[PDB]
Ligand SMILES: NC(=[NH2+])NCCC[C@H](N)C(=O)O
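One chain comes next, on its own, written as structure tokens: the form deposited without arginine (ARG).
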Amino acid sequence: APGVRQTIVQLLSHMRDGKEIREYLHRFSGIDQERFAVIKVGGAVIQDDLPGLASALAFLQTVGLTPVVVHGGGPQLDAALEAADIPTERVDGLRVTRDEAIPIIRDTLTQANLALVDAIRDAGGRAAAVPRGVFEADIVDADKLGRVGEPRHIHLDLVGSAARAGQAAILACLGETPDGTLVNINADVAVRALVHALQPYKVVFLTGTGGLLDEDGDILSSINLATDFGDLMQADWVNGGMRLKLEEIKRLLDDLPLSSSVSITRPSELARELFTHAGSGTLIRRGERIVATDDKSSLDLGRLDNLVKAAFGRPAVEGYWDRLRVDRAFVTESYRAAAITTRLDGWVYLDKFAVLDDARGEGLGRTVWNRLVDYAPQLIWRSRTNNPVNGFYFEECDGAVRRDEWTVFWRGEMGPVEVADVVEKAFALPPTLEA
């Protein structure tokens, strides 16, 4: 109680991710009991890597947060104890469970549950076993699915306790009925119900794969449901399986504020993912729409003049804006990330790419970038040999010429000797921000 809370202040204040951590914590003080963070976790995780999952969640709690873990039984019961005590598995719609199957489920869930609760503590944490008592559900089928039910009220009583106790709540997917009868609850429906009730600021999905994947099989860093979602469903390259993950994640995020955001990762990266503007693994949000224009008189110059001053660290120089010509402006509804292109001897030129810290974190920088380079297949830009955005530029560039102070990039398909003459012109261009 004494030594912990304190000896991480005067600890992670000498660490490198340290200031950036203290700051989510503080601002993530939309405490309200357990409004902290709901976390679904695959059954094939509690199995194939417990000590990690358990170290992961222990860190959260000893750092400040109060996770509300929910868990399934996949491998451990979809296999083992049913192909074993020989009741077999009956899949109608998707998964029924006659009377004989119940004591197997009850048995196994309270096992993994406890497995996890104890593991966390083993790993430095404080946790609380909540195997039954939260999910009150009706049995909707009877003659069909046998003994499966739907969450008709959430009981936070027991969760509430753990929260004030400094413990993580570890909840299994069993629910009584209004008459006290046991029944199974697939975790998809059960995370909806819980996440509505609590209204959390964060929603993690801990999977073995620990991510969600772009067109090129790489990890999909960030999704803007507002802009990116449409194309995403109606997209040949996104499988049916993932399409659901989406149809079902929007369903979640639409039930929460815009403060809210879901994160899919694997435990070993979960922390580096909740506390870095980088991240690791897919982060999703309702996000904002982007307005795209070429009519300057259609732009909050003063608001933008703020966006720039804030992003760069210095003020644009006098009457810079009134002069500015403007080929195309892409600005996010909130004005927290913009790109403005002028022209240069007939090349699309990136005059300002300005994005704010928290805007980078919601993955909007990326979102503005995309629409820009979906506009300008040939694009020239410069940057200071300092601006730490250079590395993001270098992976988007196709060309790059370095000098002591400036660095010109291109993203067209022209060649070293074709750009040659326009590359020189960007270097020649004068600073439009001060010292």
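Residue indices: 1-based, along the sequence shown.
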With B-factors read from the PDB entry, the higher C-alpha mean of 309-317 and 76-84 is in 76-84
Averaging the C-alpha temperature factors as deposited, the higher value of 162-170 versus 273-281 falls on 273-281
Tell me which of 222, 234, 265, 260 tops the list for C-alpha B factor in the record. 234
Which one of 154, 102, 290, 355 shows the top CA temperature factor in the record? 102
Ranked by Cα temperature factor within the chain, is residue 9 in the lowest third, the middle third or the highest third? highest
Residue 141 - Cα temperature factor, lowest/middle/highest third of chain: highest
Divide the modelled residues of the chain into thirds by Cα B-factor and specify which third, lowest, middle or highest, holds residue 374. middle
Of the three thirds of Cα B-factor ranks in this chain, residue 49 occupies the middle
Tell me, lowest, middle or highest third: where does the Cα B factor of residue 380 rank within its chain? middle
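Quick note: we don't show the form solved in complex with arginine (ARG), though the next part is all about it.
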4.5 Å heavy atom contact, residue 273 to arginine (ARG) in the deposited complex: yes
Taking any heavy atom pair closer than or equal to 4.5 Å as contact, tell me whether residue 331 reaches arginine (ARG) in the deposited complex. no
Give a yes/no on whether residue 293 approaches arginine (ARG) to within 4.5 Å in the deposited complex, heavy atoms considered. no
Does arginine (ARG) get within 4.5 angstroms of any non-hydrogen atom of residue 277 in the deposited complex? yes
Stretch in contact in the deposited complex with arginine (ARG), which is absent here, among 181-189, 239-247, 92-100, 255-263 (heavy atoms within 4.5 Å): 255-263
Which residue, 151, 287, 281, 131, has a heavy atom that falls within 4.5 Å of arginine (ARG) in the deposited complex? 281
Using a 4.5 Å cut on heavy atoms, which of 267, 361, 125, 146 is close to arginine (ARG) in the deposited complex? 361
I have 59, 71 and 167 flagged as a candidate spot, so tell me whether each of them has a non-hydrogen atom within 4.5 Å of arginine (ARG) in the deposited complex. no
Using a 4.5 Å cut-off on heavy atoms, what residues in 186-211 are near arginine (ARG) in the deposited complex? 202
